[PDB]
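> So I've got this experimental structure, pasted below with the sequence.
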Amino acid sequence: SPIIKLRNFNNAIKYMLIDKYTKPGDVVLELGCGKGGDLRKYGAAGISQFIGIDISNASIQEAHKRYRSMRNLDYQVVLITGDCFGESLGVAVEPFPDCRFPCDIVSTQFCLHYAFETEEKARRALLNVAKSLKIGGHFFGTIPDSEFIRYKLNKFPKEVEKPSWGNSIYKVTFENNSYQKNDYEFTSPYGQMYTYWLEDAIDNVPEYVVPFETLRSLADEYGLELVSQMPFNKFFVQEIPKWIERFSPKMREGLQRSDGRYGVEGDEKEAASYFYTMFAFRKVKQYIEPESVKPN
Ligand SMILES: Nc1nc2c(ncn2[C@@H]2O[C@H](COP(=O)(O)OP(=O)(O)OP(=O)(O)O)[C@@H](O)[C@H]2O)c(=O)[nH]1
Ligand SMILES: Nc1ncnc2c1ncn2[C@@H]1O[C@H](C[C@@H](N)CC[C@H](N)C(=O)O)[C@@H](O)[C@H]1O
């Protein structure tokens, strides 16, 4: 693959993130789980149950096939086709009584940007996250870094009608120039759409900016406190000392620079390590909706 070094780096990121916060015995809710490419990371963590939900039935069927082909996974897997952002999770999980809610981890890997299509969907997504967790549980994930996106948008004069940037392996094209015309601020935290292309991975699929300050403010409203937010390059630098010995020779070699350090170079530096951030929140209190508590 032309992006093999990017894929290796981001899979290392996800190991570092998942295994930092997930504990043996945990129940994990994986929203937008895709084809199940993170099952092995949870095996290393020693979880007890994985609940994967994705709006695509085709990806769920592939996750089923992948689970059945894997050796020495000791946890129960529940896979569900359903929308995790545009509705509450209650109907989706009804046919699956084996699910052990409340859970210990909610994970959104490369998917929460789809929930930022509108305020109502961002709020529904985060309420689903908060409701599903134990106090002390964690919500973690990987999204494009809104601060890097703003850095890039700030380079364009307001006359540029469709701000676009990239390199040999990725490209971003914004729907419009409203940000620049609005004195270099988004007109709203939600619906800020761009098309995302990554060679051999994502074929011009629209997604939405996730202004991190808005994610944090909404999370706090729903009882979740920020523990960590770090661009991929800084997170990798922080965590790699713990992981070198754990990675096999082939995994290390797929991450290694010619100067002996581990990380990305060239066009993958921006596409993988600057473009994205991780995040982790902890549930600190139970959310009760305003005006929802009624007499008798
Ligand atoms: N901006 C953006 N990037 C994405 C999204 N989904 C995946 N990516 C990027 O595409 C890369 C490749 O993801 P995948 O195509 O699923 O490849 P993979 O990680 O090897 O997954 P598997 O083949 O299923 O094991 C990721 O590491 C991200 O950089 C998305 O929704 N938005
Ligand atoms: N509203 C939604 N509800 C549930 N899943 C969704 C929704 N919108 C998009 N998705 C899924 O989100 C996934 C996005 C992928 N980029 C990420 C998959 C996987 N978590 C990974 O890390 O590779 C796809 O599998 C989509 O089908």
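Yep, it's here. Numbers count the residues shown, from 1 in each chain. Ligands and ions are numbered 1, 2, ... in the order given.

> Please count neighbours and contacts with C-alpha atoms only from this point.
Will do.

> how long is stretch 16-33 from one end to the other?
Counting by Cα to Cα, to the nearest Å, you get 18 Å between the two ends of stretch 16-33.

> typo on my end, it should be stretch 92-106
Terminal-residue distance, stretch 92-106 (Cα to Cα): 16 Å.

> mind listing what's buried in that stretch?
93, 99, 100, 102, 103, 104, 105, 106 (16 or more other Cα atoms under 10 Å).

> So which of the residues you listed are in helices?
Of the buried residues of stretch 92-106, the ones assigned to helices by DSSP state H are residue 93.

> Can you lay out the buried residues of stretch 92-106 as TSV showing distance to ligand 1?
Converted to TSV, the buried residues of stretch 92-106 look like this (distance: Cα to the nearest ligand atom, whole Å):
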residue	distance to ligand 1
93	24
99	24
100	25
102	26
103	24
104	24
105	20
106	17
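
> Nearest to ligand 2 among the buried residues of stretch 92-106?
Ranked by distance to ligand 2 (Cα to the nearest ligand atom), these are led by residue 106 at 11.6 Å.

> Name the residues of this protein found near ligand 1, please.
Within reach of ligand 1 by Cα under 6 Å from any ligand atom, the chain has these residues: 7, 10, 35, 37, 110, 111, 196, 201, 272.

> Counting by contacts, list what the strand or helix carrying the second one packs against.
For residue 10, the enclosing helix or strand under DSSP states H and E is helix 4-21. In this structure, helix 4-21 makes packing contacts with helix 39-45, strand 133-144, helix 232-243, judged by 3 or more Cα pairs under 8 Å, 6 or more residues apart in numbering; DSSP states H and E.

> buried residues in that helix?
Within helix 4-21, the residues scored as buried using 16+ other Cα under 10 Å are 5-19.

> for stretch 189-203, same thing?
Result for stretch 189-203 [16+ other Cα under 10 Å]: buried residues 189, 190, 191, 192, 193, 194, 195, 196, 197, 198.

> For the fourth one, give its distance to residue 154.
Between residue 192 and residue 154 the distance, using Cα to Cα, works out to 15 Å.

> What of the last one?
Shown here: residue 198 relative to residue 154, a distance of 22 Å by Cα to Cα.

> So the residue nearest to residue 140 when sequence neighbours are not counted, which state does it fall into?
What sits nearest to residue 140 in space, not counting adjacent residues and going by Cα to Cα, 6 or more residues apart in numbering, is residue 280, at 4.2 Å. What DSSP: H, G, I helix; E, B strand; the rest coil gives for residue 280 is strand.

> ok, now how distant is residue 280 from residue 44?
19 Å.

> Between the two, which is the more surrounded one?
residue 280 (21 against 15; other Cα atoms under 10 Å).

> Just grab the bridge partners of the more buried one for me.
residue 140, residue 228 (DSSP bridges).

> show me the contacts for residue 205.
Residues near residue 205 by Cα atoms under 8 Å, 6 or more residues apart in numbering: 195, 196, 197.

> In space, what's closest to the last one - neighbours in sequence excluded?
Closest residue in space to residue 197, ignoring its immediate chain neighbours: residue 204 at 4.6 Å, by Cα to Cα, 6+ apart.

> thinking that neighbour is in contact with residue 194, fair?
No - with contact defined as Cα atoms under 8 Å, residue 204 does not reach residue 194; the gap is 9.2 Å.

> Distance-wise, check residue 220 relative to residue 36.
Residue 220 is 29 Å from residue 36, where distance means Cα to Cα.
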